[PDB]
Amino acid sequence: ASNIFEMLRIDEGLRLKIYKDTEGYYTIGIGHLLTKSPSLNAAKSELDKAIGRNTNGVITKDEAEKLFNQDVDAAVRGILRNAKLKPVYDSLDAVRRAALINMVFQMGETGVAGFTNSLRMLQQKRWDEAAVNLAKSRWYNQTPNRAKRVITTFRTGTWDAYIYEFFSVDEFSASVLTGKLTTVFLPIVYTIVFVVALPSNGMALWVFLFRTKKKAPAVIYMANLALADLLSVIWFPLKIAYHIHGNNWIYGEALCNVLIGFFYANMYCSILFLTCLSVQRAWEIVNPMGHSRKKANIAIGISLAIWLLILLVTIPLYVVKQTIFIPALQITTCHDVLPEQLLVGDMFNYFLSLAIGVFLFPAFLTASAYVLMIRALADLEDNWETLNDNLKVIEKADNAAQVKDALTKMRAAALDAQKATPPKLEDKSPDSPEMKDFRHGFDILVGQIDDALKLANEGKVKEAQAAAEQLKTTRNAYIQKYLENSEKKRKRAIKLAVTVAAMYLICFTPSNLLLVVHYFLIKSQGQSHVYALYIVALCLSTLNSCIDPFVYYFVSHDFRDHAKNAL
């Protein structure tokens, strides 16, 4: 391309017969509009008086140029006539002047005058902002390839958009998209995840629905967690095939956006449902309640709320073009390459919003939940331990000092465990009969400790020791039943905290951090060297559905049975 006339020939083409354009309007020659009515004869009448003769639908190669050269002169006249088009045009360099005339040639004088905001940007020499504004319009929607070339002309001020057609991405990306990292490493890891995560979550989902007859809020969160897992792993056979064949998608744009949707869905559902589960289980320890049926219904509603909120927040991933054909690579990439480099500004803010509000914020609530959970389970452990240890001391103490001392320490140890929630009565309210019998079991014990203290304070040494065997009976009858396996419960919480931390360290943190970094560099330089790390990050993020079964194992008691029996 050299000038306006040469530019338009490339956009409008050259046809000597009346044809329907992309929208359906009958045109002829080089982008010469005849009429906007669905009538072949109505276009004939407008052509005959435009030429001067009866062309009968077919014009000459010479008459095309003569009519084209007049359309350009009129397109310019309208620009200077227009109060909104003239000042911008007077500010634009000859290259950008052609781009403006190209728009007027296509949408007419009035149409282009509607772009008031973009024209102001072009006048203020703000090429990038103007380019973005123009990228979101019906103009871009109806004729994207056409609009891109013109927009690029505005942005760059060169004829490059008409000299060089798109051929390839940056070199660093093209090497990755042809390298073994994507074509060998990824499909292997993804295959593993498919074999491991699908049946494990498949069975977990089955247990939570058809084998768990508790239906506690924890089960419900884990059921959606398993559901989020499944709804992504099922698409992996198409995901694996994609990479094996050199990152080439041949299943359609809609089906690509499906995979993309459910990918980021599981990405964020997992975090949110982890935050729910962790907080819920921590909350049943610090401040337990007793509406296991109502608390369940609530947890279901919360899950629906989360599912719909993510369906709404992943809209700018569903609705945007996510496939692009790269001529030099002869492949059609899904997700891995952004088809429209003008939307990077929107993409950056978007993944920065999520990285804060749907990553850090739930991570903060998730970590501190285990902080309160572990400590509370550690205190109850210390109580049960202080009880047994001091009770074992009395039977092995000779002096009156060690006897009175152990009784006093054992007394306070039982008074703290009394206020604490037993491992069994989790969904039981603190005012329930079950809890009242639990506390009463300590009241009987504590009273007996006072009866041994009564002897220990009255100098009756050996007689207070005999009371210890009476305390043993009270322990096994009323207390040990409840605190038998509280130290085993503490160990499960810790392993759960380790499990979750690893999931954050491997699947969540590398992904969300780099997602911001990736689009930040494309926004700043047009390319990112972290592209390889971005890919590895996204790959390792799918491991969460392989780590998720370990979560169900440390929380669900029913899942353990089906886990152990199977293997």
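All residue numbers refer to positions in the sequence shown, first residue = 1.
*Asks:* Between 171-179 and 81-89, point out the one with the higher average CA B-factor as the PDB entry records it.
*Replies:* Higher mean C-alpha B-factor in the PDB entry: 81-89.
*Asks:* For the stretches 523-531 and 507-515, which has the higher mean C-alpha B-factor as given in the deposited record?
*Replies:* Averaging CA B-factors over each stretch, the winner is 523-531.
*Asks:* Using only the C-alpha B-factors in the record, can you name which of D427, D336, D437, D128 has the highest?
*Replies:* Of the options given, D427 has the highest CA B-factor in the PDB entry.
*Asks:* Hey, out of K396, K239, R96, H245, whose CA B-factor is highest in the deposited coordinates?
*Replies:* Comparing C-alpha B-factors across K396, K239, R96, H245, the maximum falls on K396.
*Asks:* Within this chain's modelled residues, let me know which third the CA B factor of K495 belongs to: lowest, middle or highest.
*Replies:* Ranked within chain, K495 CA B lands in the lowest tercile.
*Asks:* Where does the C-alpha B-factor of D548 rank in its chain, lowest, middle or highest third?
*Replies:* Bottom third by C-alpha B-factor.
*Asks:* Which third of the chain holds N133 when residues are ordered by C-alpha B factor: lowest, middle or highest?
*Replies:* For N133, whose C-alpha B-factor we compare with every modelled residue in the chain, the answer is the middle third.
*Asks:* What third of the chain does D389 rank in for C-alpha temperature factor, lowest, middle or highest?
*Replies:* As the PDB entry reports it, the C-alpha B-factor of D389 lands in the highest third of its chain.
*Asks:* Test of reading the entry: by CA B factor among the chain's modelled residues, which third contains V195?
*Replies:* Bottom third by C-alpha B-factor.
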